[PDB]
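This is what each chain is made of:
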Amino acid sequence: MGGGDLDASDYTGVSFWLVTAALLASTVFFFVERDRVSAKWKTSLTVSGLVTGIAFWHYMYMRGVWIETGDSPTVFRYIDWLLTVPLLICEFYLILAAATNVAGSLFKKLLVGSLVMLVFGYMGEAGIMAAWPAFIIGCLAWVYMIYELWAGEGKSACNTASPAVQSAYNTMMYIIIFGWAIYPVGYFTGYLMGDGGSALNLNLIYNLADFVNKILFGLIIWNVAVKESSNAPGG
Ligand SMILES: *C/C=C(C)/C=C/C=C(C)/C=C/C1=C(C)CCCC1(C)C
């Protein structure tokens, strides 16, 4: 709960264990809860869960291996991310907008997403410089993302849409912003300062961001979909 000072095997182990435990817990819960989800969301959870599940597992493995030695094939994480971004988004918006027809959000996410990956890939290729400025490029892209998103055609479909769709959308944007905004928040804590520049904090923070950007994604989407659809309190 705060600090930032652990040996290699120390931090590596703590995170590794936390990831394994969390991953499993989220897997068993999300799996068993697969039957405790809204009916109309049957396909929503199928496409969203399939893409989110494959990306999470893949990315997770890649990340772990990357920090394991220090060098790994980014081509996998790049293509996976670029293949999961438009997939998870398009699908999610597909079934979500399916209530009326289709969601144009795919276009917005396509442009923004492409740009983000472009910078991360181009700069990441050398990793010489981009962590510091990452706050700028990211901030701008983030603001613009929600800026136009806030006016999405979602509610434009009919007028005020349904309470379920509005709940899932609002919660989705909220998490996306928080998480995406947290990435740079923690990274900076280990980018310039930390303890001389330990790769540990880098891997951990990275895995944490991708973990919540994948796990939490389905956790919230499902929680809001199940809570809105028809469910009672109890945790
Ligand atoms: C499954 C993995 C996910 C959803 C990855 C999300 C990644 C980002 C939101 C990347 C953000 C970045 C910044 C906000 C600043 C510039 C550098 C980035 C692209 C690495």
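Rules behind the numbers
- Residues numbered from 1 in each chain as written, not as in the entry; some residues may be left out.
- Heavy atoms only, no water.
- Helix = DSSP H or I, 4+ residues; strand = E, 2+ residues; numbered from the N terminus.
- Rg over C-alpha atoms; globule rule 2.2 N^0.38 Å.
- Buried < 20%, exposed > 50% of the residue type's maximum accessible area, 1.4 Å probe, protein only.
- Contact = heavy atoms within 4.5 Å.
- Areas by Shrake-Rupley, 256 points an atom, 1.4 Å probe, with all protein chains shown as cover.
- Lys, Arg positive; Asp, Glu negative; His and termini not counted.
- Charge placed at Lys NZ, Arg CZ, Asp CG, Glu CD.
- 1 Å grid on protein atoms, 1.4 Å probe; cavity = no way out; pocket = protein on both sides within 12 Å on 5 of 7 lines; lining within 4 Å.
- Points joined across faces, edges and corners; volume = space filled by probe spheres on them.
- Nonpolar A, V, L, I, M, F, W, Y, C, P; charged D, E, K, R; others polar.
- Salt bridge = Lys/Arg side-chain N within 4 Å of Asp/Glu carboxyl O.
- UniProt positions renumbered as here; feature names shortened; annotations may be inferred.
- Near = heavy atom within 4 Å.

Quick look at the overall build of the protein
Now for step 1: When helices and strands are tallied, the protein shows 7 helices and 0 strands.
Now for step 2: The N-to-C order of helical and strand elements in the protein reads α-α-α-α-α-α-α.
Now for step 3: For 235 residues, the compact-globule estimate of 2.2 N^0.38 gives 18 Å, and the protein sits close to it at 18 Å.
Now for step 4: Based on the C-alpha atoms only, the size of the protein along its principal axes is roughly 55 × 35 × 30 Å.
Now for step 5: A buried classification covers 31% of the 235 residues belonging to the protein.
Now for step 6: Considering only contacts within the protein whose residues lie at least 6 apart along the sequence, 70% involve residues at least 24 apart.
Now for step 7: As presented, the protein carries roughly 15300 Å² of accessible surface, and 68% of it is formed by carbon and sulfur atoms.
Now for step 8: In the protein, 11 positive and 15 negative side-chain charges are present, and the distance between their average locations comes to 15 Å.

Considerations on the layout of surface pockets
Now for step 1: Here the second largest pocket is characterised by a volume of approximately 690 Å³.
Now for step 2: In terms of lining, the second largest pocket is formed by 28 residues, of which the most central are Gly152, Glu153, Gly154, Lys155 and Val165.
Now for step 3: Elements with a minimum of two residues in the lining of the second largest pocket: α3 (74–97), α4 (105–126), α5 (134–149) and α6 (163–191).
Now for step 4: In terms of residue class, the lining of the second largest pocket is built from 15 nonpolar, 9 polar and 4 charged.

Thoughts on the pattern of salt bridges
Now for step 1: Applying the stated criterion across every chain yields a total of 2 salt bridges.
Now for step 2: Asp35 is the salt-bridge partner of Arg34, the closest N and O atoms lying 3.8 Å from each other.
Now for step 3: The salt bridge partner of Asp210 is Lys214, with a shortest N-O separation of 2.8 Å. Here the residue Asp210 and the residue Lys214 both occupy positions in helix α7 (residues 199–230), the gap between them amounting to 4 residues, near one helical turn.

Some words on the UniProt feature "transmembrane region" in the protein
Now for step 1: In this numbering, the UniProt entry assigns the feature "transmembrane region" to residues 13–32, 45–67, 82–104, 111–130, 134–151, 172–194 and 204–226.
Now for step 2: Secondary structure across residues 111–130 divides into 80% helix and 0% strand, with the first and last C-alpha atoms of the span separated by 20 Å.
Now for step 3: Secondary structure content for residues 134–151 is 89% helix and 0% strand, while the C-alpha to C-alpha distance between its ends is 26 Å.

Quick look at the site of the ligand
Now for step 1: With respect to spatial proximity, the complete set of residues near the ligand consists of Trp81, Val116, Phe120, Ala134, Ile137, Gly138, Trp180, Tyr183, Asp210, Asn213 and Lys214.
Now for step 2: Burial of the ligand by the protein chains amounts to 89% of its free accessible area of 530 Å².
Now for step 3: Partitioning the shell around the ligand into residue classes produces 7 nonpolar, 2 polar and 2 charged.

Thoughts on empty space enclosed by the protein
Now for step 1: All told, the structure shown has 3 cavities of 30 Å³ or more when counted by the stated rule.
Now for step 2: By volume, the largest cavity amounts to about 100 Å³.
Now for step 3: Every residue along the wall of the largest cavity is listed here: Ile89, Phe92, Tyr93, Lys109, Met145, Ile146, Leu149, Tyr169, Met172, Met173 and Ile176.
Now for step 4: Of all the secondary-structure elements, those providing two or more residues to the lining of the largest cavity are α3, α5 and α6.
Now for step 5: In terms of residue count, the dominant contributor to the lining of the largest cavity is α6 (4 residues).
Now for step 6: Counted by class, the lining of the largest cavity contains 10 nonpolar, no polar and 1 charged residues.

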